[PDB]
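Quick heads-up: it's one chain on its own, the form deposited in one PDB entry, in structure tokens.
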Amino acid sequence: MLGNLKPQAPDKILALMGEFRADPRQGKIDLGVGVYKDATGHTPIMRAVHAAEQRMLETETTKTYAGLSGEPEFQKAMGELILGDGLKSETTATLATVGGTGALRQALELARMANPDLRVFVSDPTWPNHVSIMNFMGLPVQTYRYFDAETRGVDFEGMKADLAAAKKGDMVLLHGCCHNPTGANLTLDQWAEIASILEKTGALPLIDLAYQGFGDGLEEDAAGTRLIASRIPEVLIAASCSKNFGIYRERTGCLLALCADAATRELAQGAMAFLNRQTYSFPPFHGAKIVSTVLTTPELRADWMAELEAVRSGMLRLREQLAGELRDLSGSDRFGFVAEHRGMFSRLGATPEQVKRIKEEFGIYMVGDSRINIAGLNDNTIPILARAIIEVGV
């Protein structure tokens, strides 16, 4: 029977890796990486995180089955982290999931469970995993203009124009902050207008919050998400702890369902718990416990925020340097957008030909859509990248 199986395509990330490793050039650089890397090219375990694992190793007395939808300490902590003082427990349903991706899938299942004729609107472009999951579920997918290839900024007129076509019941997927892969983001005023459009059309917003803390800070990054939650009655939030806590492999995230009333919250909560059960039953414990421990322990929480901040400022300085270099070399303010983008990614806006030429001539690797990881840059690599960009006619 298994022979009938249709061949499924590889991740592609590995294909990028295999090529890079095979490159015999000693000066080769890799900007296609999708995780945070420090000065030495390592992806360290945050201090507080290592502190929580020591604490857990000495205090945990059993590993029996726990909460089906997550432990309360984690649910409350995450909600407060994302929504701050605005968290209305009475109408908020929470589900610990296997990473933010698990959160996305579950939100998709829940929405389709409540509305069979669901259509999803995704930005152009967006995280490929989004479209992939949707295609897999058989859900209809619609696109809304987002990245402006010329200015490398947000095409807000087009975004509004396209979202205006959403009907009540449809789902609109928004990146809370640090748009992956572009790096181009919406300002709070633009979020306010998006809110109006969402109220008008009656579409359900699904906010993918995976980089809280890598943009302008923890609170600032959650600002957009908080405006939507306060103005829109029903909101779905898929939060990831992978990057801002550096626990990628632990698989920790959570789905937040902001409802109109307590009765609906009870309905959504029951369905979420049901969904976990029909997929894997209980969610992973380790990472979630690390997170609640850091968040509830004043000392740890303080150190984590402090470390996250160092990371953020470090990347922000890298952006300014690259931008500075590009300005000095270009004799213009064309690549200024690099300094304006937020998050660890940025789409340069180079054509696949330019991307291929940059690799063949300069030994610099990046995703085929010209997305680079800011964290993979440094004092030695910045000048090279800048030169390459200017030389290939970007």
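Only the largest set of C-alpha atoms that superpose within 1.5 Å between the two forms is called the rigid core. Note that residue numbering begins at 1 and tracks the sequence as displayed.
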Do at least a third of the other entries of this protein fail to model residue 24? yes
Tell me which stretch, 131-139 or 247-255, has the higher mean Cα B-factor listed in the entry. 131-139
Going by the entry, of stretches 320-328 and 91-99 the one with greater average Cα B-factor is 320-328
Per the PDB entry, which option out of 175, 277, 301, 76 has the greatest Cα B factor? 301
With respect to the C-alpha temperature factors reported in the PDB entry, which of 125, 205, 153, 116 ranks highest? 116
Sorting the chain's CA B-factors, does residue 182 end up in the lowest, middle or highest third? lowest
Residue 216 - Cα temperature factor, lowest/middle/highest third of chain: middle
Sorting the chain's modelled residues by C-alpha B-factor, tell me whether residue 49 ends up in the lowest, middle or highest third. middle
Split into thirds by Cα B-factor across the chain's modelled residues, where does residue 189 land: lowest, middle or highest? lowest
Sort the modelled residues of this chain by their C-alpha B factor and say whether residue 344 lands in the lowest, middle or highest third. lowest
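As for the form deposited in another entry, it is not shown, yet the points below apply to it.
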Indicate whether residue 11 shows a C-alpha shift of 2 Å or more between the shown form and the other one, with the rigid core used for the fit. yes
